[PDB]
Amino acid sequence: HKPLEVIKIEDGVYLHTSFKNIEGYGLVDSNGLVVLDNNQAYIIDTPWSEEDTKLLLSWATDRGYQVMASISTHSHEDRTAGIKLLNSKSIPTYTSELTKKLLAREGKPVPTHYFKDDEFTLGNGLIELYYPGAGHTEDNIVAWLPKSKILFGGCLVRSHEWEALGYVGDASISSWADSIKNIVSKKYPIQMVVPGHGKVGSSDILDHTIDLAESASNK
């Protein structure tokens, strides 16, 4: 397919996007981040394939960055396809404990590190992880980047180009709006929200997601 794209979206923050080209629909995209702490790089969600993960690692190496770890924000392949490769390179991989268990239940490679806590931090205080409750999946977490004022909402949040919730096979639709409201309750001074699929937007992605969740739940 179309290979990995990596673009800068803030000082020390890059959006990585990988793709699948589906007959019947067309190109589907999948986003994660690279977050820098000086020269130390943290991967928030792997690309959607092992090959695209290799491209992301090469992207870092070519530019002199040192990849420290990855965190995956739920167990789906579009968040985790690269865990196997990172493990083979002795790069620490993280998920929540529930995500780890879900991966093992799917017969997929597990992270080398995991936490059973609603909050966890990577780097300085560079990346603040939070579990707001079930939505897109039972295990979805989000990441707040206090320096850049970016919330990585992952697949729990929906870009404005979408008029529905996306893939809901593993979703808890009746809990989804409440889980977004829990994010809102954190009172992050959000300047940008990055979704797992679709275009980056502003804080109103949260409101849009609540609208979509409440509509689908009442249906």
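For every residue, the number given is its place in the sequence shown, counted from 1.
Between 34-42 and 156-164, which has the larger average Cα B-factor in the PDB entry? Comparing averages over the C-alpha atoms only gives 156-164.
97-105 versus 119-127: which one carries the higher mean Cα B factor per the record? Stretch with the higher mean C-alpha B-factor: 119-127.
Criterion, highest CA B-factor; candidates, 69, 27, 180, 150: Top of the list by C-alpha B-factor: 27.
Cα B factor band for residue 15 (lowest, middle or highest third within the chain): Lowest third, going by the recorded CA B-factors of the chain.
So where's residue 111 on the chain's Cα temperature factor ranking, which third? Its C-alpha B-factor belongs to the lowest third of this chain's values.
Please place residue 53 in the lowest, middle or highest third of its chain by C-alpha B factor as given in the entry. Within its chain, residue 53 is a lowest-third residue by C-alpha B-factor, going by the deposited values.
Going by the CA temperature factor in the PDB record, which third of the chain does residue 60 belong to: lowest, middle or highest? Its C-alpha B-factor belongs to the middle third of this chain's values.
Taking the chain's C-alpha temperature factors as the reference, tell me which third residue 184 falls into: lowest, middle or highest. Answer is middle: the recorded C-alpha B-factor places it there.
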